[PDB]
Amino acid sequence: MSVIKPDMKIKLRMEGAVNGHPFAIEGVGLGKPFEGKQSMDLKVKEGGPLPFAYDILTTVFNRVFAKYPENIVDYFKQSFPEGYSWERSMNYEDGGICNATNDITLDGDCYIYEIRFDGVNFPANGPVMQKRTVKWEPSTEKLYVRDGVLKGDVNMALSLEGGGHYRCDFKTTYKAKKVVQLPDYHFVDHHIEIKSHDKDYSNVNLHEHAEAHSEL
């Protein structure tokens, strides 16, 4: 509560590749950690225009921005000032797979992210390479502690142009930089939206809100 303010800033850089083709994106944003809300402006710095659906990146662009009730241990807020990191596999139904990591530190009232993103085996005719995704369906992440490690799993679905969905299995491992009390199992509802973008997604305005809860 002393290194976290009702209003916080975000600075990030993502370096990455999709199907072996490299790219980099930088972002700046704002958020309300206790309200579980955030927004950010993202700019493609290298490898533009991106030949893949931007939606594969958006959930990689911090569970600090999740509203936690009093009765659920908040692993993420408790991590700071030191911070935490996470690793995630995102396994898509057509065999496309993306691995991502984020190392999250704090400078003043500003979270700083170092992000790496690597996706392979997206088919040329699939909805990722053909840019036929519309948005992520609102989701519920399942958080749980196994073997002394905090994990989060979520069954995700992208809506597709013309209807239908393209599914993805998310598996995240979270790791605080210092000893932090582990939580009981719980859920975090997520809503994520690209609110605006330019023609080829070189500029993107991104919004998320998230709320933790005990029961389904």
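Identify, from the list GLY48, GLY108, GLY20, the residue that is over 21 Å from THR172 (Cβ atoms), touching a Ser or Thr at 6+ places or on another chain (Cβ under 7 Å) and either among the aromatic types (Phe, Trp, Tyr) or surrounded by fewer than 21 Cβ atoms within 10 Å (Cβ to Cβ) (or both). Matching residue, one of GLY48, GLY108, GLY20: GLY48.
For the range 69-103: of the residues being among the charged types (D, E, K, R) and part of a loop (DSSP other than H, G, I, E, B), which is surrounded by the fewest Cβ atoms within 10 Å (Cβ to Cβ)? Among those that are among the charged types (D, E, K, R) and part of a loop (DSSP other than H, G, I, E, B), it is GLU70.
A quick yes/no check of all residues on (1) more than 25 Å from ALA212 (Cα to Cα); (2) over 15 Å from the mean Cα position of the chain (by Cα); (3) surrounded by fewer than 18 Cβ atoms within 10 Å (Cβ to Cβ); (4) aliphatic (A, V, I, L, M):
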site	(1), (2), (3), (4)
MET14	yes, no, no, yes
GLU35	no, yes, yes, no
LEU42	yes, no, no, yes
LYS67	no, yes, no, no
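Applying the criterion of being hydroxyl-bearing (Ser, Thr, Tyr) and within 14 Å of the chain's Cα centre (by Cα) to the residues of the range 151-198, the residue that is nearest to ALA53 (Cα to Cα) is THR172.
Don't worry about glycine lacking a Cβ; one is built from the backbone with ideal geometry, like all the others, and counts go over all protein chains shown. Laboratory data are not the source of any read-out in this text; all were calculated from the coordinates shown.
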